[PDB]
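These notes concern the structure reproduced below.
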Amino acid sequence: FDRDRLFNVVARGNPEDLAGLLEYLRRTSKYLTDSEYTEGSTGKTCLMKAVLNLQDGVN
């Protein structure tokens, strides 16, 4: 599980595709605010791109 897959998941908007993320984070013992999940060069997180991409009024 990687950063690009997570950004594609939050950009698409399927809640079923975000499966086993908590189990993966508990297995590797790292959080969503870690440097591998954020961009780091600009600090962009998955919540920021998740709010940027709104096909409807909600995501």
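Ordered as shown in the structure tokens, chains take letters A, B, and onward, while each chain numbers its residues from 1 and ligands are numbered from 1 in the order shown.
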
- prompt: Hey, what's within 12 Å of stretch 30-39 of chain A if we count only C-alpha atoms and toss same-chain stuff fewer than 4 positions away? As a ChimeraX atom specification, please?
  reply: /A:1-7,21-26,43-49

query: Just how far from atom CA of residue A:53 is atom CA of residue A:12, in Å to one decimal?
result: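 Separation between atom CA of residue A:12 and atom CA of residue A:53: 8.4 Å.
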
query: Hey, what does DSSP flag as alpha helix (DSSP H) within chain A? Can you give it to me as number ranges by chain?
result: A: 3-12, 21-28, 46-52
